[PDB]
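Student: with the input below, show me the fold.
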Amino acid sequence: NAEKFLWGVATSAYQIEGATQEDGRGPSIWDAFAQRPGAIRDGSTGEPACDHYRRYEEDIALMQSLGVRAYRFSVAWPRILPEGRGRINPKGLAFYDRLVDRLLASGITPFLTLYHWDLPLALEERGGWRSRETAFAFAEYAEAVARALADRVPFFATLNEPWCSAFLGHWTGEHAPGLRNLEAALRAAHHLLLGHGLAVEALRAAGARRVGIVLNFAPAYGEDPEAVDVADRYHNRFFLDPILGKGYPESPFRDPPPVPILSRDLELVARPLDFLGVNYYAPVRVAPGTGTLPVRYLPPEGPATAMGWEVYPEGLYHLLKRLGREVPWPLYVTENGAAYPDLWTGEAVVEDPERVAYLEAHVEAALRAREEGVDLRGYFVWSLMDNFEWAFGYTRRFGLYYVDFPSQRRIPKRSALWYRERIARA
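Tutor: Residues are numbered from 1 along each chain as shown. The protein structure is shown below:
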C-alpha cells in the first residue's frame, strides 16, 4: 500500500436523512421505537433529522471546504427494500447512486456502511435479528447495494457496531427494537455475525473491492483481573474473536441461554476481510458484580463528556496497539468524537474548546500508534454535523458543524476549523 492517510467524517442514514416517509422509504425499527413514550429523551424522532436527503450537496460542499477526503455514511436498508426483502425502491437506490457520483466529483472517497441499525420493521415483525432468515435477507440486501454502487464505492462495511444492535437493542432495551432478554440478544449477536459472513461473499461476488466490518470497543480497566477480563470478553472480544476465526470468547455470562450456532456458521463469520473499522469513545472501569454479567461499572476517573463518558485519549493508543498485534488487516478509526453542550445564539463560529481538545488528543494518540507500526489508514470524526443521537434525540451534539434544527442552518464550530487545520498540518 502507498495510499495517503484518509481524513474523514462519519454519519448514518437514520441520524441525518429525514425523508422518513418520502420517495418510497419503508419504516425501520427506529421509526417504531421512537413512537414509544420514554424511548427518546426529548420525545423526538428522525424526522426530519438534518434534512440530508434534500441537503446532501450542501453537506458535501462543507466536507470539501474542510479538506475531508473520505465520507463514511450508511445506506438505509428500508429505503432500498422497504419490506426488507422482495420489492425494490428505485428512488432510494437513485439517491445513493447520485450521492456517490457527487462525492467522487468532489474528490471524496465513499466509505459505505450497509447496516447502521435501521432494520426494516417488516423483518422485525418476523423476529428481526433473532430469526436466522434475517441474516440471509441482509446478505441479499448487501448484494443489491454492491451491484448498484461497487463500481464507484471502494469500501463496504457490513455492520456498524453489532454489540450495540445486539445488547443495547435486545438486552438493555435502550436501542431499537427495545427488547430486554439475554437469549434474544445472543440470538441477535449470532445472526448479525452470520449476516456479516454471508454478506462478505455476496459483496465480493458483486464487485466490492474492500470489504470490512465496524466494531466498537470499550477497553476495560479495574483492580480485579477477573472482572476486567469478563468486561473485555463482553465489550471487545465478543464480535472480534469470531471474525478472526477464534470462535466466541469464553462466555462472560453466568449460566447463559442457548445460542443458535449451526454447523459451519463460524467459518462463514470468519471469512477474510480487507479492513477493520474501529469505533472508540471511552473505556469502561469495572469491579466484580453478582449479576448475569458479573461486573459493576464504576464512574469515570476524572473528566468526562456530556454523555458522562470518560475522556481517555491514551486508551485509543493502547487499543490500536493491541489491535495491530491481533488483527491481520488494516485499521480505520471509523468513529471518534465527543458531545459537549453547544447552544448557538447567532455567532459565526460556535466555540467548542472542549470538543477541540478531545479531538486533538485522540488524533495524537492514534497517529502515535500508527507511527510505531499500527497499520492505521484513516480517521473519521463522528460526526460531520449534529444529528439524531439515538435514545438522546437532539439533546446531545457530536458535530463539527452545529445544526440549528428548526432552520437546518449549519454553522461551523471551532472544531470544524480545527479539523481543517489538522488535516493539512505538517
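Student: going forward, measure contacts between C-alpha atoms and count neighbours the same way
Tutor: OK.
Student: check contacts around residue 203.
Tutor: 142, 143, 146, 211 (C-alpha atoms under 8 Å, 6 or more residues apart in numbering).
Student: contact partners for the second one?
Tutor: When contacts are counted by C-alpha under 8 Å, 6+ apart, residue 143 is found next to 199, 202, 203, 206.
Student: for residue 163, grab the count of nearby residues.
Tutor: By other C-alpha atoms under 10 Å, 21 other residues sit near residue 163.
Student: for residue 206, see how far away it is.
Tutor: Distance of residue 163 to residue 206, computed by C-alpha to C-alpha, to the nearest Å: 27 Å.
Student: I'd say residue 295 and residue 289 touch.
Tutor: Yes: if you go by C-alpha atoms under 8 Å, residue 295 and residue 289 touch, sitting 4.1 Å apart.
Student: list residues touching both of these two?
Tutor: residue 227.
Student: ranking by neighbours, what's the top pick from the contacts of residue 143?
Tutor: residue 199 (29 neighbours).
Student: leaving out chain neighbours, which residue sits closest to that one?
Tutor: The shortest distance from residue 199 to any non-neighbouring residue, by C-alpha to C-alpha, 6 or more residues apart in numbering, is to residue 139 (4.3 Å).
Student: wait, residue 90 sits on residue 80?
Tutor: Yes: the criterion here is C-alpha under 8 Å, and residue 90 meets it with residue 80 at 7.4 Å.
Student: buried residues in the lengthiest helix in the chain, which are they?
Tutor: For the chain, the helix with the greatest residue count under DSSP state H is helix 182-205. Across helix 182-205, burial judged by 16 or more other C-alpha atoms under 10 Å covers 182-204.
Student: next one: stretch 357-364
Tutor: 358, 359, 360, 362, 363.
Student: how about a markdown table for the residues you listed, with distance to residue 216 and secondary structure added?
Tutor: Conversion of those to a markdown table gives the following (distance: C-alpha to C-alpha, whole Å; DSSP: H, G, I helix; E, B strand; the rest coil):
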| residue | distance to residue 216 | secondary structure |
| --- | --- | --- |
| 358 | 18 | helix |
| 359 | 17 | helix |
| 360 | 20 | helix |
| 362 | 15 | helix |
| 363 | 17 | helix |
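Student: higher neighbour count, residue 295 and residue 289?
Tutor: Using other C-alpha under 10 Å, the more surrounded residue of residue 295 and residue 289 is residue 295, with 21 against 12.
Student: name whatever forms a beta bridge with that one.
Tutor: Residue 295 forms beta bridges with residue 288, as assigned by DSSP bridges.
Student: what secondary structure does the residue nearest to residue 386 when sequence neighbours are not counted sit in?
Tutor: Nearest residue to residue 386, sequence neighbours excluded (C-alpha to C-alpha, 6+ apart): residue 399, at 4.2 Å. Secondary structure, DSSP: H, G, I helix; E, B strand; the rest coil: residue 399 is coil.
Student: and for residue 15?
Tutor: helix.
Student: show me where the stretch 51-200 of the chain has its helices.
Tutor: 52-66, 77-80, 90-105, 121-124, 132-149, 162-163, 169-170, 182-205 (DSSP state H, counting those that start in this stretch).
Student: to residue 305, which of these lies closest?
Tutor: helix 162-163 (21.6 Å; C-alpha to C-alpha).
Student: and the closest one, what does it pack onto?
Tutor: Applying 3 or more C-alpha pairs under 8 Å, 6 or more residues apart in numbering; DSSP states H and E, one finds that helix 162-163 contacts helix 182-205, strand 210-217, helix 238-243.
Student: what residues does the next helix or strand after the second one touch?
Tutor: Past strand 210-217, heading to the C-terminal end, the next element that is a helix or strand (DSSP states H and E) is strand 220-221. Contacting residues not belonging to strand 220-221 are listed as 228, 229, 231, 232, 283, 284, 285, 286 [C-alpha under 8 Å, 6+ apart].
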